[PDB]
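*Asks:* fold the stuff below for me.
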Amino acid sequence: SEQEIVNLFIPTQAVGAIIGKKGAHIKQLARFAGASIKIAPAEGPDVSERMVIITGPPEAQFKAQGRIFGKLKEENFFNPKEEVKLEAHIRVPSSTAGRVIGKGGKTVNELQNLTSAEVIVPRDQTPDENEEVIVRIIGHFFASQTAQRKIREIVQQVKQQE
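*Replies:* Numbering: from 1, shown residues only. See below for the structure:
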């Protein structure tokens with residue numbers, strides 16, 4: 001139950017609703033979830049998505065991400081007859097990324113089949129100063145939470161070993 005950083009991407013048009021008047025909503029979410037929730041600066045004036053940085057343990061991530069998913073649903077940011085679907089980025093050790101993929105890509109293939117979330121480890125990544133790379137997770141709230149949960153397990157199982 002360590003403190004993780006998750007980048008959750010939301011539609012740019014929803015920033016005002018997520019922040020709220022005088023920032024009352026995003027402050028409320030931060031207290032409710034017990035997590036830090038900040039809106040990262042925009043890469044440009046016409047980007048279609050904005051990045052929310054959520055810092056906190058798994059139980060806090062569930063509440064912070066969940067309340068953001070739920071707020072977007074209230075604001076009607078889903079497709080017709082569909083659930084709110086968001087992309088999130090998590091950081092895993094570069095040395096464990098191959099284990100998330102599995103031999104022949106079979107581990108990531110089963111993972112996507114069980115959760116219904118799309119799980120992508122972008123190619124040709126340069127590990128960051130912590131020697132960590134990105135895993136992309138796209139799906140509805142519960143699918144995203146389950147995918148995140150199992151990826152965290154794989155990461156911890158590899159550490160356990162040696």
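
*Asks:* contacts, neighbours, all on C-alpha from now
*Replies:* Fine.

*Asks:* convert the helix or strand containing residue 91 to PDB, retaining C-alpha atoms only.
*Replies:* Assigned by DSSP states H and E, residue 91 belongs to strand 86-93. The C-alpha trace of strand 86-93 is given here as PDB (Å, rounded to 0.1, in the frame of the first residue of the first chain):
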ATOM      1  CA  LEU A  86     -10.600   7.200 -19.700                       C
ATOM      2  CA  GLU A  87      -6.900   6.600 -20.300                       C
ATOM      3  CA  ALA A  88      -4.500   6.400 -17.400                       C
ATOM      4  CA  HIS A  89      -0.700   6.100 -17.200                       C
ATOM      5  CA  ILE A  90       1.000   4.200 -14.500                       C
ATOM      6  CA  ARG A  91       4.800   3.800 -13.900                       C
ATOM      7  CA  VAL A  92       6.400   0.400 -13.600                       C
ATOM      8  CA  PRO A  93      10.100  -0.600 -13.400                       C
END
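
*Asks:* could you point out the helix or strand that follows that strand?
*Replies:* Moving toward the C-terminus from strand 86-93, the first helix or strand encountered (DSSP H and E) is helix 97-101.

*Asks:* C-terminal to that following helix, what's the next element?
*Replies:* Scanning forward in sequence from helix 97-101 by DSSP H and E, the next helix or strand is helix 106-115.

*Asks:* by contact count, what packs against the next helix or strand after that following helix?
*Replies:* Heading C-terminal from helix 106-115, the first helix or strand you meet, by DSSP H and E, is strand 118-120. With contacts taken as 3 or more CA pairs under 8 Å, 6 or more residues apart in numbering; DSSP states H and E, strand 118-120 sits against helix 106-115, strand 132-139.

*Asks:* what strands flank strand 118-120, and is each parallel or antiparallel?
*Replies:* Taking DSSP bridges as the criterion, strand 118-120 sits next to strand 132-139 (antiparallel) in its sheet.

*Asks:* mind jotting down where the strands sit in this structure?
*Replies:* Along the chain, counting by DSSP state E, strands occupy 4-11, 36-39, 49-56, 86-93, 118-120, 132-139.

*Asks:* need those strands in a markdown table with mean neighbour count and distance to residue 102, can you?
*Replies:* Formatted as a markdown table, the strands of the chain follow (neighbours: other CA atoms under 10 Å; distance: least, CA to CA, whole Å):
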| stretch | mean neighbour count | distance to residue 102 |
| --- | --- | --- |
| strand 4-11 | 19 | 23 |
| strand 36-39 | 19 | 33 |
| strand 49-56 | 20 | 28 |
| strand 86-93 | 20 | 15 |
| strand 118-120 | 21 | 12 |
| strand 132-139 | 20 | 14 |
